[PDB]
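A.B. asks: My complex, part one, positions kept as in the full thing:
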Amino acid sequence: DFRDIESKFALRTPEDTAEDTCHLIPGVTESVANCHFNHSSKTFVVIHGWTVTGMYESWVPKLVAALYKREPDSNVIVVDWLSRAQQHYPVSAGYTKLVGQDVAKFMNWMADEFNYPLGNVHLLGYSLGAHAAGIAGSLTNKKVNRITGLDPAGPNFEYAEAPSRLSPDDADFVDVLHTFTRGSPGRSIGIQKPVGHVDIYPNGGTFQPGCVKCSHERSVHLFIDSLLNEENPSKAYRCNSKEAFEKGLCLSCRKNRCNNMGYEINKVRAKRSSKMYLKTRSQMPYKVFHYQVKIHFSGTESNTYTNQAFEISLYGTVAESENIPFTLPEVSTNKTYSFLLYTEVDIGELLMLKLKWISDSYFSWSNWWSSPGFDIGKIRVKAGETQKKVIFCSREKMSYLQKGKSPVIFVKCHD
């Protein structure tokens, strides 16, 4: 052996939940005999990240079961961070480059022991483990092809240098998921910067409101539910900022302005640190569909903004939605607005649109159980997947805005 590794190794098997089946000893010894290894196989390696107490991360069994059922003949290896974990948090950040040197010796081992092509390997991890993976990928003699960092750490790595962090040149393709950008960068965990080729801000990137501490457990749950549901990947959209995407002007994707999420990013490289966006549900598998609208208003009386309590329903060929309350901070005459539609079901082909503006909490009455209304019609839509430039229309009576008991309907017409 060259550098005596203190971290114990474990090449895991699908018949293993939360223990070690086969320990791979360091040094150039027997490796394929005790631990099963296939050269014509997939090698996805993980790093256990920062643990405050002495505990192995409880989400490993569902993890290794998910990657083993997703890909047969898989070589999954985990390292023990607890050999150099139970110390101070910046001191653990100091030990990140030593464990990076350890995994550096690891992928330098079979580079000449087995002469691996290193074009079929995967490296992934979270918190300080993803940072050590980025350091190791920065060190690499032969450039690694893929890395999916999960939710990284915070105030230890502030304006650090590129070999000491994740970088686009650290791999052929770098992906990252900032679940938790909430709070101060110098205090809270999470970096507010597009550190990789692509970066994700799920549920706005601040925090998932499902409510444990709910910051990296999400980042592994959406990844495992992305890789299980391989036939319908979640479609992320390139945009400029959080609120610009929330208004919904970044859902065209006529050119490369949108891509998938999770395991398959469709192998698009040479990126300019662009911002890529999603919304998500909470505690059911996360395949939220997206839609954007182009609403039109009219009226010569020129009334102004009052309230944001509006609800809309949707009926379609495949499924149905009851009601989705939303918030529009500006509403007036002769103006076009837009807001996002996040749906838990696949509506599919469209027939008609249902609208219910009761506003029961925020000014339902408005001085005669009715508001001074506008005339609403010619609402256009755009689907978050593929393209749908279709034209709708309204009818005569229910184009008027009315506060409470207002079942406004819409209808498709093509002429």
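C.D. replies: Received it, and whenever you're ready, just let me know what you need. Numbers count the residues shown, from 1 in each chain, chains lettered A, B, ... in the order given.

A.B. asks: Do a quick rundown of the helices in chain A.
C.D. replies: A:60-70, A:89-113, A:128-139, A:217-228, A:242-247 (DSSP state H).

A.B. asks: Most tightly packed of those helices?
C.D. replies: helix A:128-139 (a mean of 25; mean count of other CB atoms under 10 Å). (C-beta placed from N, C-alpha, C; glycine too.)

A.B. asks: got the contact list for residue A:318?
C.D. replies: Neighbouring residues of residue A:318 by CB atoms under 8 Å, 6 or more residues apart in numbering: A:345-349.

A.B. asks: Write the PyMOL selection for whichever of the residues you listed are buried.
C.D. replies: To isolate the buried members of the contacts of residue A:318 in PyMOL, using 16 or more other CB atoms under 10 Å:
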select buried, chain A and resi 347
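
A.B. asks: any idea how far residue A:320 is from residue A:354?
C.D. replies: 10 Å (CB to CB, to the nearest Å).

A.B. asks: Give the residues shared as contacts by these two.
C.D. replies: residue A:314.

A.B. asks: Residue ranges of each domain in chain A, please.
C.D. replies: Split into domains by curated CATH domains, chain A comes to A:1-278, A:289-415.

A.B. asks: Can you say which of those domains is packed in most?
C.D. replies: domain A:1-278 (a mean of 17).

A.B. asks: Quick one: end-to-end distance for that one.
C.D. replies: Terminal residues of domain A:1-278 lie 46 Å apart, using CA to CA, to the nearest Å.

A.B. asks: Then stretch A:161-173?
C.D. replies: 19 Å.

A.B. asks: contact partners of that stretch?
C.D. replies: A:97, A:123, A:130-131, A:133-135, A:137-140, A:143-147, A:149, A:152, A:157, A:174, A:176, A:195-197, A:265, A:267, A:269, A:271, A:273.

A.B. asks: Now distance to residue A:118 too, for the contacts of residue A:318, in CSV please.
C.D. replies: Below are those laid out as CSV (distance: CB to CB, whole Å):
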residue, distance to residue A:118
A:345, 42
A:346, 39
A:347, 44
A:348, 43
A:349, 46
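
A.B. asks: how near is the residue of chain A most remote from its centre to residue A:151?
C.D. replies: Seen from the C-alpha centroid of chain A, the residue lying at the greatest distance (CA atoms, centre = their mean) is residue A:368, 46.6 Å away. Distance, residue A:368 to residue A:151, using CB to CB: 52 Å.

A.B. asks: Same question for residue A:71.
C.D. replies: For residue A:71, the distance to residue A:151 - CB to CB - is 23 Å.

A.B. asks: Equivalent analysis for residue A:351, please.
C.D. replies: Distance from residue A:351 to residue A:151, by CB to CB: 41 Å.

A.B. asks: How about residue A:107?
C.D. replies: Distance from residue A:107 to residue A:151, by CB to CB: 23 Å.

A.B. asks: can you check residue A:278 too?
C.D. replies: Counting by CB to CB - residue A:278 and residue A:151 are separated by 14 Å.

A.B. asks: also put chain B on there:
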Amino acid sequence: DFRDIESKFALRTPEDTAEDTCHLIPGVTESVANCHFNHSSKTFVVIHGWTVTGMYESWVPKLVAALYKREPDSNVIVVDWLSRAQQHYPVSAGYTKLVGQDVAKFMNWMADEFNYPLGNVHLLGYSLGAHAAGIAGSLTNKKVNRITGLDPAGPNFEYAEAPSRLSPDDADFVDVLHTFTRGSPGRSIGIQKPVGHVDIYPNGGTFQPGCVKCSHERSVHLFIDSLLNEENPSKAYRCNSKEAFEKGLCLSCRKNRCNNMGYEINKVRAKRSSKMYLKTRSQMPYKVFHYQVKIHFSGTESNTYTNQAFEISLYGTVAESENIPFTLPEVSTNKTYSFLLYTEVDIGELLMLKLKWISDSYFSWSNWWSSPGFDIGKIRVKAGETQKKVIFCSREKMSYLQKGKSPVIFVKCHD
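C.D. replies: Adding chain B to what we have so far:
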């Protein structure tokens, strides 16, 4: 003069509400000078019917306004029943044939005074006036072409002879409207027999539930709203009985099994005293659309009938309906039922069907807020107008019957 008429005559004008403008004196005197008459015109004559007190029927101004706006250059003439009215009710029935002889001398007058072709005249009336009109049409030397009797009388004319009543041979085409067949034939007003070529039983023919006495008054209202709305006549359907039509097996009209109502009966004669049916609304103009359904049930558990509290909604291209509660006295597994859909609006082309079986009054709970349900799908429909043999289908989840909060949806499919 041959027979000195006691009834005063009035050839009415559109500038007349409830009075006499021009009195036409009896006997062969001047007739076209004082009262305006055009030979190339339409002559629709009326008879004021039975009045308990001394009163001219208050619905004459809207009547004569409606026939004058419907047909320009119209010769409308009314007689005074009050000359021989204010006596006993069978004694008034005795005077019906004397006023029939009076109007007999009337249409025998210009048969040789002006040599009228008598193929452009109309005779109409109600209560005993329609009976006297039938007697006069039975007497006629040249056969009259048209008569629209309104709601006739009751116990005076029970199993009477054909010259003493309305009959198919009394005219070329005889129409009648039994609004009120409720009660005993020997006590209540109204005959329970197809006295004419066609007969109508509106709202089942018992009574219109709009709630005055609400009987004959209703009759004249549906006739005037039929003649005002000439572009969309109410479509009556030939059937066998009241409940057979109420179940809805008489709405095909592939052959002559349906016709219009009001003024225009499409000139179909030589009838075999068939029963012809309608439903109607109350105190708005009466153009109720009709639909019939072919619902299918399934299930091997073989559950039986419990309740009849079901509600259904309809969404379409043109309009919408909120909910229409109905009653089905038999519901079970693997059985096909049918019930009528009476709508106040024109739904038009169809997209999808909405069903809400809350049954909040009649057993909404059913021991766990849910009932042991059936699987429902493949519902066919048939429009009351023209034909619509279209095929629909259901989806996977909401085919199950559930008591309360049950938004069952349906979808059109053609493959």
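
A.B. asks: please look at the contacts of residue A:318 again, because chain B has been put in.
C.D. replies: A:345-349, B:395 (CB atoms under 8 Å, 6 or more residues apart in numbering or on different chains).

A.B. asks: Could you dump these into TSV and include distance to residue A:414?
C.D. replies: Shown next, in TSV, are those (distance: CB to CB, whole Å):
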residue	distance to residue A:414
A:345	25
A:346	23
A:347	19
A:348	18
A:349	13
B:395	25
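
A.B. asks: between those, which is closest to residue A:116?
C.D. replies: residue A:346 (41.4 Å; CB to CB).

A.B. asks: distance of the closest one from residue A:233?
C.D. replies: 14 Å.

A.B. asks: Strands of the stretch 201-350 of chain A, start to end?
C.D. replies: Here the stretch 201-350 of chain A has its strands, by DSSP state E, counting those that start in this stretch, at A:236-239, A:258-259, A:274-278, A:289-294, A:310-316, A:320-326, A:340-343, A:350-356.

A.B. asks: how about the ones you listed, which one is nearest residue A:40?
C.D. replies: That would be, of those and by CB to CB, strand A:258-259, which comes in at 29.2 Å.

A.B. asks: elements contacting that closest one?
C.D. replies: Under the contact criterion of 3 or more CB pairs under 8 Å, 6 or more residues apart in numbering or on different chains; DSSP states H and E, strand A:258-259 touches strand A:236-239.

A.B. asks: residues from the stretch 251-400 of chain A in reach of chain B?
C.D. replies: A:315, A:317-320, A:322, A:351-352, A:395 (CB under 8 Å from any CB of the partner chain).

A.B. asks: Distance to residue B:295 for the residues you listed - can I get that in CSV?
C.D. replies: Formatted as CSV, those follow (distance: CB to CB, whole Å):
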residue, distance to residue B:295
A:315, 21
A:317, 21
A:318, 23
A:319, 23
A:320, 21
A:322, 25
A:351, 22
A:352, 23
A:395, 29
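
A.B. asks: Closest approach to chain B from chain A, which residue is it?
C.D. replies: Here chain A gets closest to chain B at one residue, residue A:351, 5.1 Å apart by CB to the nearest CB.

A.B. asks: Once you drop chain neighbours, what's closest to that residue?
C.D. replies: The spatially closest residue to residue A:351, leaving aside those adjacent along the chain, is residue B:351, at 5.1 Å (CB to CB, 6 or more residues apart in numbering or on different chains).

A.B. asks: Let me see the contact set for that neighbour.
C.D. replies: A:351-352, B:315-317, B:412.

A.B. asks: State the distance from it to residue B:410.
C.D. replies: 9 Å.

A.B. asks: Next: residue A:111.
C.D. replies: Distance from residue A:111 to residue B:410, by CB to CB: 63 Å.

A.B. asks: Same check on residue A:367?
C.D. replies: Distance from residue A:367 to residue B:410, by CB to CB: 41 Å.

A.B. asks: would you put the C-alpha positions of stretch A:45-62 in CSV?
C.D. replies: Taking Å, rounded to 0.1, in the frame of the first residue of the first chain, the C-alpha atoms of stretch A:45-62 are listed here in CSV:
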residue,chain,number,x,y,z
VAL,A,45,-19.7,5.2,-6.4
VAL,A,46,-21.1,7.2,-3.4
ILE,A,47,-19.6,9.1,-0.5
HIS,A,48,-21.4,9.3,2.8
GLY,A,49,-21.5,13.0,3.8
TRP,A,50,-21.4,15.0,7.0
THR,A,51,-22.9,13.4,10.1
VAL,A,52,-23.3,15.5,13.3
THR,A,53,-23.6,12.4,15.5
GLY,A,54,-22.1,8.9,14.9
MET,A,55,-24.6,7.5,12.5
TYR,A,56,-24.7,5.9,9.1
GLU,A,57,-27.2,7.7,6.8
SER,A,58,-30.6,5.9,7.2
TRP,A,59,-31.6,6.2,3.5
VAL,A,60,-28.9,3.8,2.2
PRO,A,61,-31.1,0.7,1.9
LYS,A,62,-33.8,2.3,-0.3
